[PDB]
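Below you will find one chain, with nothing else, as structure tokens; this is the form deposited in one PDB entry, and questions on how it binds or moves follow later.
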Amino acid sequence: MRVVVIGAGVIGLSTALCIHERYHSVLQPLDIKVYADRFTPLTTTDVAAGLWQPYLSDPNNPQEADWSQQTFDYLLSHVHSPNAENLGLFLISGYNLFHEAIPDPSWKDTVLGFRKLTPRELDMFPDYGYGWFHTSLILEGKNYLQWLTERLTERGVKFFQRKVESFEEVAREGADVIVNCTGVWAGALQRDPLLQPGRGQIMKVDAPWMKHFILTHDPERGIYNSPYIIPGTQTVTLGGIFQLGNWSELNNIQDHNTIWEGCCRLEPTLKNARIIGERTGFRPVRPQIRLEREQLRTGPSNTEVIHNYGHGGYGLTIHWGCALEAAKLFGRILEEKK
């Protein structure tokens, strides 16, 4: 009853945790190990600020919307436990700014105290004339990945460092079910033209007076290409860069100036704030999340493969709904045994 999960990001770790707590009981003996090329603090998850917020128009797959809601409710039911600081979970309020009047989002009632910005609040941001204010959650990837690792290590889950070159290679090794949580690199295991890197560059600035998140939006520049400021526990994330098809895991100077001159137009207080770090990541951009069960009859035996990747810029927002759905698929393989 052995199962291998490939990848140690928010997807691989929550999926591995979900499957356990759903199939661990005496009658069902379960063996699980995780294979990953990179672990915390070197994953994409470690680069993500952790703000809960879906993509903000009607999703192409209505499933996703419920998975986002499932994640929020799960996280909000945790936000006030003394252990919440170990997963880097806290409550944050903030602004979402626009140039034109857009309809209220689907997640309007998922979030806390959602409302439309007043003219006086809008007068604090002089390039934007419409907007929202609401209370969400930040789930810092660094702390959450440590929490999941701890949680998995005490429940008997072994961890291994290796770069998998094919599913057939891990199938001949022993594993019954393979859980594919490779993120942006899934293509190297099974070609996927739909999956593309959504290059992001961030700036980690020391600004503790910064108490709210500010997200800006314009259909002109596109998604994730507009200034954003996201306070964390130890620093403030300064972003607003999205380059599709870009595989450069190198910090670019032109992007630094774009983020800096954009965030300082929002919060001019940021001009006299020290920079602790700059980092780069690739959002696993896919039109839809691939959360489908696939029988790999092309290789060792009739091996089952659970695909779970392509969560773009909302991996931390959606992860739990996915992890539950993946566990549901694992149960379908189990009931269809013999």
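Shifts are known only where both forms have a C-alpha. Numbering starts at 1 and follows the sequence shown. If you superpose the two forms and keep the largest set of C-alpha atoms that fall within 1.5 Å, you have the rigid core.
Annotation for 304-312 versus 47-55: the higher mean temperature factor (C-alpha) is found in 304-312. For the pair 272-280 and 24-32, the mean B factor over Cα atoms is greater in 24-32. When the C-alpha B factors of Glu154, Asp109, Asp192, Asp206 are read from the deposited coordinates, the top value falls at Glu154. In the deposited entry, the Cα temperature factor of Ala171 sits in the top third of values across the chain's modelled residues.
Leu296: CA B factor lies in the highest third for its chain, per the PDB record.
The entry lists a Cα temperature factor for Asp123 that places it in the middle third of the chain's modelled residues. The entry lists a Cα temperature factor for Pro197 that places it in the lowest third of the chain's modelled residues.
For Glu100, the recorded CA B-factor ranks within the highest third of the chain. Only modelled residues enter the ranking.
We do not show the form deposited in another entry, though everything after this point is about it.
Candidate set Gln28, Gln288, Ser57, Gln63; criterion, C-alpha shift of 2 Å or more between this form and the one not shown after rigid-core fit; matching residue, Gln28. Remark: with the core as the superposition reference, the CA shift of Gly277 between this form and the one not shown stays below 2 Å.
Relative to this form, the distance between the C-alpha atoms of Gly299 and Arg191 is increased by at least 3 angstroms in the other entry. Compared with the form shown here, the Cα atoms of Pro300 and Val157 move at least 3 Å farther apart in the other entry. Regions that shift between this form and the one not shown, defined as runs of three or more consecutive residues whose CA atoms all move by 2 angstroms or more after core superposition, comprise 26-29, 298-301.
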